[PDB]
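Working notes for the structure below.
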Amino acid sequence: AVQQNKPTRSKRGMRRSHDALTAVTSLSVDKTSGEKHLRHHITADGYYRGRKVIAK
Amino acid sequence: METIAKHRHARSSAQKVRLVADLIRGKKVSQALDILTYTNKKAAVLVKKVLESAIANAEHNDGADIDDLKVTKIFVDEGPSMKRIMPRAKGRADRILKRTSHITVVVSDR
Amino acid sequence: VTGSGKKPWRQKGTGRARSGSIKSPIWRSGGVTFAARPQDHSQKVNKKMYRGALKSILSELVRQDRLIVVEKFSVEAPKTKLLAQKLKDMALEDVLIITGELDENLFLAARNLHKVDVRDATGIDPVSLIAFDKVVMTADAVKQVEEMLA
Amino acid sequence: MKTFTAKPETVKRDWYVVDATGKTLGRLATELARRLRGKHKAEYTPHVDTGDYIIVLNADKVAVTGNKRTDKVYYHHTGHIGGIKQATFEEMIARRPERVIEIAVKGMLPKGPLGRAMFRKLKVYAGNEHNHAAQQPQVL
Amino acid sequence: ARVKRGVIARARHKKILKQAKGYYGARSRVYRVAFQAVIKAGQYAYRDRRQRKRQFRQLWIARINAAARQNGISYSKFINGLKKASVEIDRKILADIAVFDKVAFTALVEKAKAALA
RNA sequence: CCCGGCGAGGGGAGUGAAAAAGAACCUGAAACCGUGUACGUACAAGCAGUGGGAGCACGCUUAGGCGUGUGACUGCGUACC
RNA sequence: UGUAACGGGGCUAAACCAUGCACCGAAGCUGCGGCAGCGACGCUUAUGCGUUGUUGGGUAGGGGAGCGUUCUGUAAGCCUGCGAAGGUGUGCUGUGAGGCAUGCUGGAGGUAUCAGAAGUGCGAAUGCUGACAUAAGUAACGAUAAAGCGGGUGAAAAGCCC
């Protein structure tokens, strides 16, 4: 049926509680002193130190 | 205040764009990218590239410390106005919006 | 107006409407809703509204106003820049430049700054008597009975 | 230059050991409320926001004197109007201090206003000189 | 004659009125309190200065029963005693001196005790 | 001049009296919103109140009863036409 | 379909009746201000100030009166770039539309006199012109039926391509 009821104020537009983010930490580790992710060594070429998948 | 490089205009609504601003208040300028690039949304990536535009300027433009500029508020505004159509009833509804956004970063110092 | 009568469509099958008339005098691109009548009417002053104790202001003011000197001859007239001195014998320099006279003479440069349409020649026009300070009447004995209009 | 008594929170709580238990109870259970508001402590805020602490002593001796005490049901049916029903009478329920036959304030601040936070302040234990579960500074 | 609605329509609603809340969105802050409903709030004060006073009456006259009832001197039955004297009538408030004058107020019962009691 | 995406937007410069005149050009409020100074505050009823006032972010006073609003207590009541 | 006849709670007398008697106690008549009508007085008198009588809820009707966004006038007349003025809130002023002011602003404008009357003093025409605060993360997301790498280029390819 048609929307014959109240606007999105307080009790609705308030609802943010469990819609939240995941507050991720991260390791500085200069083995990859730029292109690294959270603890995930490189977001692309799959390097660690020498020859692995397609790195070096 | 110091620096305010907001970006225009996105495709998203201000609701999805606003969902992340609070995280970066006060205590995250030193290492800002990790929470934003590893939460890889067209909101967080936008607040990333905002922050980046704002603070790559600040250290040059004033002479301040790039590590003491405390990223103090980050709010958003819409607008002006944009429309498009999809003829679902072709005499009534039919009329999708872009409310759009521009991220009023406001960075400041400790 | 040009605006399309009378009526476009029947007004059922939605469950929300009011109107559809296009015009109607109310809505948009129209108009003067009160029949458009040229109100052409000359509000009629009667014969003895002029006769008519009409001149009697010079009995209320009676001191500074009706200013009884002489006839409209004494100006150049190629230099009304000189007039305010030829106006020191009725004292008022340029205040309100009239005389309530008759004969055709060159005084009518007296409206040059806006003032009044002067009107002069016998039919002084009642709206000159209400409510200026120098309601000037100047001239000699043509004031008797019906002449009081002057 | 005002005559009223805000807050007062709470000035007068009158630490009295209710020797009235059973013996004349139905003459002063009816007045526990006009006590916790008044008749001595009426001197302060005799209608609003205050607190109170009598020193309770026993429960199941409600006395109450009349044909009431042996067919007067107590109901609650706390859920979906209860369906299946409860009927233990006033001397057979009073065998526990519970929620409706022991407090008297349930009958006397009846909607909940004035009463909405100071519910257990009277302790709601029972047990005499075997178990004084109340105040250590001197009672009355 | 051109109207275009002005000058007075907001003056009769807020201007100098020290009040910041006010009936929220659709019953007010849109516009709809402005003309015909603004009376309502102050109208709880239209009588009740005379009607709420009962609530506080018991507070004054407590210091003329709270200690006297023990000594038996119950305020309304002691008043059919008092009001035998055509000089004493205005006990209704001014007797409030009893909650701090105690140690000398405590003899005002002795006055006529061998007749009044 | 500087910054990013050989981009958007800003932060100063500056023609300018002005950029709250900046080429989504109108010297400019209305439906709704983002972050903050203080609240009441995740045991809620009853047009969300004006009261009656306790003390709170704050701003006066050689003390001197206040210039401020969410509105603990709860009183009154059903604003329509 | 929760015991649901004082509103509760059933009070062995607090009660029921009978005799006394003091407080509570709508707006209800009193303190005491203020005063629109219709009358009566002291006297005044263009007419009015207070005394005294009746008495002050007011959509159908006749009586009788207040002010404005400004047009048509008071008016080379006094006022303004030394600011003429809103949305507003320092302070009260009237019986009232509201203001004479003023506070903080705008950035150009007025009637403290009376004369003038009609585009005529909005929130309720199931609104109306352009709408959207609105149903939430609003398709069945476009039948549910396709996949797989190894690479290549590059500002960015599940698609372009071998």
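Here, A, B, ... name the chains of the structure tokens in the order displayed, residue numbers run from 1 inside each chain, and ligands are numbered from 1 in the same displayed order.
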
Open item on the list: Taking 5 positions as the minimum chain separation for residues in the same chain, which residues sit within 10 Å of segment 77-85 of chain E when counting only C-alpha atoms (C1' of nucleotides)? Answer as JSON, numbers by chain.
Closed with: {"E": [68, 72, 90, 91, 112, 115, 116, 117], "G": [21, 22, 23]}

Open item on the list: Let's see if you can do this: from backbone DSSP, list all helix (DSSP H, G or I) residues in segment 21-55 of chain E, as a PyMOL selection string.
Closed with: chain E and resi 24-29+41-45+54-55

Open item on the list: Env of residue 21 of chain A: 10 Å cut, atoms = only C-alpha atoms (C1' of nucleotides), seq-sep filter 6 positions within chain, self excluded. Answer as a ChimeraX atom specification.
Closed with: /B:19-20,23,35,39

- [ ] Give me, as a ChimeraX atom specification, the contact residues of chain G against chain B at a cut-off of 12 Å, counting only C-alpha atoms (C1' of nucleotides).
- [x] /G:131-132,136-139

Only C-alpha atoms (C1' of nucleotides), please: the residues just picked out, written as a PDB file, in the first residue's frame.
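The result, stored in selection.pdb:
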ATOM      1  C1'   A G 131       8.676  19.798  -7.542  1.00  0.00           C
ATOM      2  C1'   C G 132      10.455  16.503  -3.751  1.00  0.00           C
ATOM      3  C1'   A G 136      15.806   1.821   1.680  1.00  0.00           C
ATOM      4  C1'   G G 137      20.016   1.050   0.895  1.00  0.00           C
ATOM      5  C1'   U G 138      13.172   0.767  -3.293  1.00  0.00           C
ATOM      6  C1'   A G 139      13.349  -4.686 -10.014  1.00  0.00           C
TER       7        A G 139
END

TODO: For residue 91 of chain C, work out the shell of residues within 9 Å, counting only C-alpha atoms (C1' of nucleotides) and skipping chain neighbours fewer than 5 positions away, then give it as a ChimeraX atom specification.
DONE: /C:67,84-85

TODO: Can you pull out every residue within 12 Å of residue 88 of chain G, counting only C-alpha atoms (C1' of nucleotides), but drop anything in the same chain fewer than 3 positions away, and send it as an NGL selection string?
DONE: (:E and (10-11 or 14-17)) or (:F and (29)) or (:G and (103-106))

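Within 12 Å of chain F, and counting only C-alpha atoms (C1' of nucleotides), chain A contributes residues 7, 8, 9, 13 and 17 of chain A.
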
For the residues selected in the previous step, produce a file with N, CA, C and O atoms as a JSON list (two decimals), in the first residue's frame.
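Result went into result10.json, see below:
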[["chain", "number", "residue", "atom", "x", "y", "z"],
["A", 7, "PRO", "N", 7.55, 10.81, 8.47],
["A", 7, "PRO", "CA", 8.85, 10.92, 7.81],
["A", 7, "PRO", "C", 9.99, 10.23, 8.61],
["A", 7, "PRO", "O", 9.89, 9.96, 9.80],
["A", 8, "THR", "N", 11.15, 10.02, 7.98],
["A", 8, "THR", "CA", 12.38, 9.28, 8.42],
["A", 8, "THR", "C", 13.13, 9.82, 9.66],
["A", 8, "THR", "O", 14.29, 9.48, 9.95],
["A", 9, "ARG", "N", 12.47, 10.68, 10.44],
["A", 9, "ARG", "CA", 12.99, 11.37, 11.65],
["A", 9, "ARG", "C", 13.36, 10.42, 12.80],
["A", 9, "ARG", "O", 12.94, 9.25, 12.80],
["A", 13, "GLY", "N", 15.89, 7.39, 11.19],
["A", 13, "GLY", "CA", 17.20, 7.97, 10.74],
["A", 13, "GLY", "C", 18.39, 7.89, 11.70],
["A", 13, "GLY", "O", 19.54, 8.06, 11.29],
["A", 17, "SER", "N", 23.71, 1.88, 14.56],
["A", 17, "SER", "CA", 24.25, 0.83, 15.47],
["A", 17, "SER", "C", 25.05, -0.24, 14.75],
["A", 17, "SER", "O", 26.26, -0.10, 14.75]]

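Near chain G, the residues of chain C that fall inside 9 Å (using only C-alpha atoms (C1' of nucleotides)) are residues 15, 16, 17, 18, 19, 27, 28, 32, 33, 34, 113, 114, 115 and 131 of chain C.
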
Can you write out the residues you just picked, keeping N, CA, C and O atoms, as a short mmCIF file (atom, residue, chain, number, x, y, z; two decimals), in the first residue's frame?
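This is the output file result_10.cif:
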data_model
loop_
_atom_site.label_atom_id
_atom_site.label_comp_id
_atom_site.auth_asym_id
_atom_site.auth_seq_id
_atom_site.Cartn_x
_atom_site.Cartn_y
_atom_site.Cartn_z
N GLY C 15 -7.61 8.86 -8.10
CA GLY C 15 -7.93 9.04 -6.68
C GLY C 15 -7.37 10.28 -5.95
O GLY C 15 -7.66 10.47 -4.76
N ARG C 16 -6.67 11.16 -6.68
CA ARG C 16 -6.23 12.52 -6.31
C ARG C 16 -6.36 13.46 -7.54
O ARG C 16 -5.67 13.25 -8.54
N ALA C 17 -7.23 14.47 -7.43
CA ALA C 17 -7.33 15.61 -8.37
C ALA C 17 -8.13 16.75 -7.71
O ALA C 17 -8.74 16.53 -6.67
N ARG C 18 -8.18 17.93 -8.34
CA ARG C 18 -9.08 19.06 -8.02
C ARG C 18 -9.74 19.58 -9.28
O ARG C 18 -10.96 19.54 -9.37
N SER C 19 -8.94 20.05 -10.21
CA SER C 19 -9.31 20.94 -11.34
C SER C 19 -8.78 20.44 -12.71
O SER C 19 -8.02 19.46 -12.78
N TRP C 27 -5.74 30.55 -12.55
CA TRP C 27 -4.33 30.09 -12.67
C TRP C 27 -3.44 30.88 -13.65
O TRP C 27 -3.34 32.10 -13.54
N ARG C 28 -2.66 30.26 -14.52
CA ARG C 28 -1.35 30.78 -14.92
C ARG C 28 -1.40 31.34 -16.34
O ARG C 28 -2.04 30.74 -17.20
N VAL C 32 -6.91 39.54 -15.44
CA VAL C 32 -7.89 40.45 -14.78
C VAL C 32 -9.27 39.79 -14.57
O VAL C 32 -10.16 39.80 -15.42
N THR C 33 -9.46 39.11 -13.45
CA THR C 33 -10.65 38.28 -13.18
C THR C 33 -11.99 39.02 -13.00
O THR C 33 -13.04 38.38 -12.96
N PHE C 34 -11.95 40.34 -12.96
CA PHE C 34 -13.10 41.25 -12.79
C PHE C 34 -13.57 41.86 -14.14
O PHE C 34 -13.73 43.08 -14.30
N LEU C 113 9.87 75.19 -12.95
CA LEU C 113 10.49 74.26 -12.01
C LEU C 113 9.56 73.13 -11.53
O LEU C 113 10.11 72.18 -10.99
N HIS C 114 8.26 73.18 -11.87
CA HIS C 114 7.24 72.14 -11.73
C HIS C 114 5.94 72.68 -11.14
O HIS C 114 4.92 72.67 -11.82
N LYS C 115 6.04 73.21 -9.91
CA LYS C 115 5.00 73.94 -9.13
C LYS C 115 3.55 73.50 -9.42
O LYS C 115 3.19 72.37 -9.07
N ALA C 131 -4.13 72.98 -0.58
CA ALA C 131 -3.98 73.66 0.70
C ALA C 131 -2.68 74.49 0.83
O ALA C 131 -2.09 74.59 1.91
#

- [ ] Would you list, as number ranges by chain, the residues of chain B that end up in strand (DSSP E) under DSSP run on this structure's backbone?
- [x] B: 75-77, 102-104

Open item on the list: Taking 5 positions as the minimum chain separation for residues in the same chain, which residues sit within 12 Å of residue 81 of chain F when counting only C-alpha atoms (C1' of nucleotides)? Answer as a PyMOL selection string.
Closed with: (chain E and resi 36-37) or (chain G and resi 124)

Selected residues, N, CA, C and O atoms (P, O5', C5', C4', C3', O3' and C1' of nucleotides), written as a PDB file, in the first residue's frame, please.
ATOM      1  N   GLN E  36      -3.777  30.096  14.299  1.00  0.00           N
ATOM      2  CA  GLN E  36      -5.015  29.622  14.905  1.00  0.00           C
ATOM      3  C   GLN E  36      -4.816  28.673  16.105  1.00  0.00           C
ATOM      4  O   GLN E  36      -5.762  28.490  16.874  1.00  0.00           O
ATOM      5  N   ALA E  37      -3.600  28.132  16.320  1.00  0.00           N
ATOM      6  CA  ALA E  37      -3.306  27.271  17.491  1.00  0.00           C
ATOM      7  C   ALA E  37      -2.326  27.771  18.590  1.00  0.00           C
ATOM      8  O   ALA E  37      -2.215  27.143  19.647  1.00  0.00           O
TER       9      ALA E  37
ATOM     10  P     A G 124      -5.107  28.133   2.682  1.00  0.00           P
ATOM     11  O5'   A G 124      -6.521  28.142   3.363  1.00  0.00           O
ATOM     12  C5'   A G 124      -7.525  27.187   3.072  1.00  0.00           C
ATOM     13  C4'   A G 124      -7.221  25.811   3.662  1.00  0.00           C
ATOM     14  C3'   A G 124      -7.983  24.663   2.970  1.00  0.00           C
ATOM     15  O3'   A G 124      -7.072  23.859   2.260  1.00  0.00           O
ATOM     16  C1'   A G 124      -7.695  24.351   5.316  1.00  0.00           C
TER      17        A G 124
END

Task: Exercise answer, chain G residues close to chain A, 9 Å and only C-alpha atoms (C1' of nucleotides), as a PyMOL selection string - done: chain G and resi 133-135

Dump N, CA and C atoms (P, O5', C5', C4', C3', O3' and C1' of nucleotides) for the selected residues as a PDB file, in the first residue's frame?
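After the write, selection_1.pdb holds the following:
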ATOM      1  P     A G 133      14.369  14.700  -2.006  1.00  0.00           P
ATOM      2  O5'   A G 133      13.489  14.989  -0.716  1.00  0.00           O
ATOM      3  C5'   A G 133      13.830  15.972   0.254  1.00  0.00           C
ATOM      4  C4'   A G 133      13.114  15.650   1.571  1.00  0.00           C
ATOM      5  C3'   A G 133      12.560  14.243   1.761  1.00  0.00           C
ATOM      6  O3'   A G 133      13.610  13.332   1.897  1.00  0.00           O
ATOM      7  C1'   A G 133      11.450  15.902   3.106  1.00  0.00           C
ATOM      8  P     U G 134      13.497  11.881   1.257  1.00  0.00           P
ATOM      9  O5'   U G 134      12.179  11.307   1.908  1.00  0.00           O
ATOM     10  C5'   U G 134      12.021  10.957   3.279  1.00  0.00           C
ATOM     11  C4'   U G 134      10.623  10.362   3.454  1.00  0.00           C
ATOM     12  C3'   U G 134      10.438   9.039   2.666  1.00  0.00           C
ATOM     13  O3'   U G 134       9.461   8.286   3.341  1.00  0.00           O
ATOM     14  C1'   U G 134       8.958  10.688   1.923  1.00  0.00           C
ATOM     15  P     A G 135       9.791   7.672   4.773  1.00  0.00           P
ATOM     16  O5'   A G 135       9.521   6.123   4.502  1.00  0.00           O
ATOM     17  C5'   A G 135      10.369   5.419   3.630  1.00  0.00           C
ATOM     18  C4'   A G 135       9.666   4.093   3.349  1.00  0.00           C
ATOM     19  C3'   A G 135      10.621   3.207   2.564  1.00  0.00           C
ATOM     20  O3'   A G 135      10.317   1.834   2.606  1.00  0.00           O
ATOM     21  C1'   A G 135       8.830   3.695   1.209  1.00  0.00           C
TER      22        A G 135
END

Open item on the list: For a quick test of understanding: name the residues of chain B lying within 6 Å of chain F when counting only C-alpha atoms (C1' of nucleotides), and present them as a list in words.
Closed with: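 In the required form, that comes to residues 3, 4, 5, 6, 7, 8, 53, 56, 57, 61, 73, 75 and 76 of chain B.
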
Just write the chosen residues, C-alpha atoms, as an mmCIF file, in the first residue's frame.
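Output saved as out.cif:
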data_model
loop_
_atom_site.group_PDB
_atom_site.id
_atom_site.type_symbol
_atom_site.label_atom_id
_atom_site.label_comp_id
_atom_site.auth_asym_id
_atom_site.auth_seq_id
_atom_site.Cartn_x
_atom_site.Cartn_y
_atom_site.Cartn_z
ATOM 1 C CA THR B 3 42.962 23.000 3.955
ATOM 2 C CA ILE B 4 39.541 22.022 2.411
ATOM 3 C CA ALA B 5 39.997 20.133 -1.037
ATOM 4 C CA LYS B 6 36.361 18.681 -1.121
ATOM 5 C CA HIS B 7 36.179 17.018 -4.583
ATOM 6 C CA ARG B 8 33.119 17.050 -6.902
ATOM 7 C CA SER B 53 44.690 16.364 -2.082
ATOM 8 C CA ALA B 56 49.943 16.940 0.053
ATOM 9 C CA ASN B 57 49.216 20.714 -0.301
ATOM 10 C CA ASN B 61 51.679 25.527 1.128
ATOM 11 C CA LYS B 73 35.999 17.218 11.602
ATOM 12 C CA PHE B 75 31.536 16.817 7.133
ATOM 13 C CA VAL B 76 29.588 16.640 3.727
#

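Between atom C1' of residue 110 of chain G and atom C1' of residue 85 of chain G lies a distance of 10.1 Å.
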
TODO: Name all residues at most 9 Å from segment 58-75 of chain F (count only C-alpha atoms (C1' of nucleotides); drop same-chain ones fewer than 2 positions away) and give them as a ChimeraX atom specification.
DONE: /D:1,7,48-50,113-114 /E:19-21,52 /F:37-40,51

TODO: Take atom CA of residue 60 of chain D and atom CA of residue 109 of chain D and report the distance between them in Å, one decimal.
DONE: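 So the two atoms, atom CA of residue 60 of chain D and atom CA of residue 109 of chain D, lie 22.1 Å apart.
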
TODO: Kindly provide, as a VMD selection string, the residues of chain G having any atom no farther than 12 Å from an atom of chain E, counting only C-alpha atoms (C1' of nucleotides).
DONE: chain G and resid 20 to 27 67 to 71 86 to 92 97 to 99 103 117 to 124 133

TODO: Could you list the residues in chain E lying within 8 Å of chain F, using only C-alpha atoms (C1' of nucleotides), and format the result as a PyMOL selection string?
DONE: chain E and resi 20+23+37+40-45

Restricting the output to N, CA, C and O atoms, write the selected residues as a CSV table (one decimal), in the first residue's frame.
chain,number,residue,atom,x,y,z
E,20,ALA,N,12.5,28.1,22.0
E,20,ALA,CA,13.4,27.5,21.0
E,20,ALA,C,12.8,26.1,20.4
E,20,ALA,O,12.6,26.0,19.2
E,23,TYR,N,6.5,22.3,19.4
E,23,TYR,CA,5.5,21.3,18.8
E,23,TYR,C,6.0,20.5,17.5
E,23,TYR,O,5.2,19.8,16.9
E,37,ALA,N,-3.6,28.1,16.3
E,37,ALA,CA,-3.3,27.3,17.5
E,37,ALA,C,-2.3,27.8,18.6
E,37,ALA,O,-2.2,27.1,19.6
E,40,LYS,N,-2.7,27.7,22.8
E,40,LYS,CA,-2.7,26.5,23.6
E,40,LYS,C,-1.8,26.3,24.8
E,40,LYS,O,-2.2,26.2,25.9
E,41,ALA,N,-0.5,26.5,24.6
E,41,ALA,CA,0.5,26.4,25.6
E,41,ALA,C,0.3,27.2,26.9
E,41,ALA,O,0.2,26.7,28.0
E,42,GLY,N,0.2,28.5,26.8
E,42,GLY,CA,-0.2,29.4,28.0
E,42,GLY,C,-1.5,29.2,28.6
E,42,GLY,O,-1.7,29.6,29.8
E,43,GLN,N,-2.4,28.5,28.0
E,43,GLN,CA,-3.8,28.2,28.4
E,43,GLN,C,-3.9,27.1,29.6
E,43,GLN,O,-4.9,27.0,30.2
E,44,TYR,N,-2.8,26.4,29.9
E,44,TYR,CA,-2.7,25.7,31.2
E,44,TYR,C,-2.7,26.6,32.4
E,44,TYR,O,-3.1,26.2,33.5
E,45,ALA,N,-2.3,27.9,32.3
E,45,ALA,CA,-2.3,28.9,33.3
E,45,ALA,C,-3.6,29.8,33.5
E,45,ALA,O,-3.7,30.6,34.4

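Put simply, atom CA of residue 19 of chain A is 22.3 Å away from atom CA of residue 102 of chain B.
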
- [ ] Check every residue of chain D for an atom within 10 Å of chain E, counting only C-alpha atoms, and provide those that qualify as a PyMOL selection string.
- [x] chain D and resi 3-5+38-47

TODO: Considering only C-alpha atoms, state which residue in the set A:20, A:14, A:55, A:44 is at the smallest distance from chain B.
DONE: A:20
